[PDB]
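Please read the structure below before turning to the comments.
Protein chains: 2
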Amino acid sequence: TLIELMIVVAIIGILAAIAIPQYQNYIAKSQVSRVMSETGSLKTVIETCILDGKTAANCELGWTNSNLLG
Amino acid sequence: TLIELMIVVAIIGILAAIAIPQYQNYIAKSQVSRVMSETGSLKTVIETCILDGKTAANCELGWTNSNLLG
């Protein structure tokens, strides 16, 4: 019957109009936290170099490239 | 809610791709420092033997077998 198909169309329209949360916040926060951890890992080597009296060129960083450029 | 699951998958991929610093440097430095300390501990015995006039076979080392290889 026509009314059943119209109800199906209405249900499809209702489902398609679901509110989408701003998922950008979660991804951005996770990426910033990952960069936070990655950059804070270098604090140990930087502090040891500074307290050892080494120059900038003599401080060996164990840095590996990060895909976030952080 | 497919977008939510794909955001979850993206977050998992972001977390799994964290940059790992070269931890080999820390372990190597610690092991070399420990070997330095253990080998320098024998300087007292060697100096005492030399200043006493003992031969190589008469110098009693207090050395104990060590992991690593000294």
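As they're listed, the protein sequences go chains A and B. Adding 8 to a residue's 1-based position in the first sequence gives its number in the UniProt record's numbering. Adding 8 to a residue's 1-based position in the second sequence gives its number in the UniProt record's numbering. Just so it is clear, CB atoms sit at the ideal spot from N, CA and C, and this is done for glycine as well.
Within this structure, are the beta carbons of residue i and residue j separated by less than 8 Å?
i: residue 42 of chain A; j: residue 76 of chain A; result: yes
i: residue 26 of chain B; j: residue 38 of chain A; result: no
i: residue 35 of chain A; j: residue 15 of chain B; result: yes
i: residue 28 of chain B; j: residue 47 of chain A; result: no
List the residues of chain A that residue i touches, going by C-beta distances under 8 Å, in chain order.
i: residue 23 of chain B; result: 38 and 42
i: residue 54 of chain B; result: By Cβ distance, chain A contributes nothing, its closest Cβ being about 29 Å from residue 54 of chain B, past 8 Å.
i: residue 15 of chain B; result: 31, 34 and 35
Given that residue i touches chain B, what residues does it touch there, using C-beta distances under 7 Å?
i: residue 75 of chain A; result: 25
Smallest Cα separation from residue i: which of the options?
i: residue 90 of chain A; options: B:18, B:10, B:17 and B:24; result: Beyond the ends of chain A as shown, which are 9 and 78, falls residue 90 of chain A; an answer cannot be given.
i: residue 12 of chain B; options: A:31, A:66 and A:55; result: A:31
Please compile the residues from chain B whose C-beta is within a distance smaller than 8 Å of the C-beta of residue i.
i: residue 12 of chain A; result: Going along chain B, no residue has its Cβ under 8 Å from residue 12 of chain A, so there is no contact; the nearest lies around 26 Å.
For the alpha helix (DSSP H) that contains residue i, what are its first and last residues?
i: residue 21 of chain A; result: 10–24
i: residue 46 of chain B; result: 32–48
Just to make sure I have the definition right: I need the residues of chain B whose C-beta is within less than 9 Å of the C-beta of residue i. Which are they?
i: residue 19 of chain A; result: The premise fails here: residue 19 of chain A is roughly 17 Å from chain B at the closest Cβ pair, so nothing lies under 9 Å.
i: residue 72 of chain A; result: 27, 28, 29 and 30
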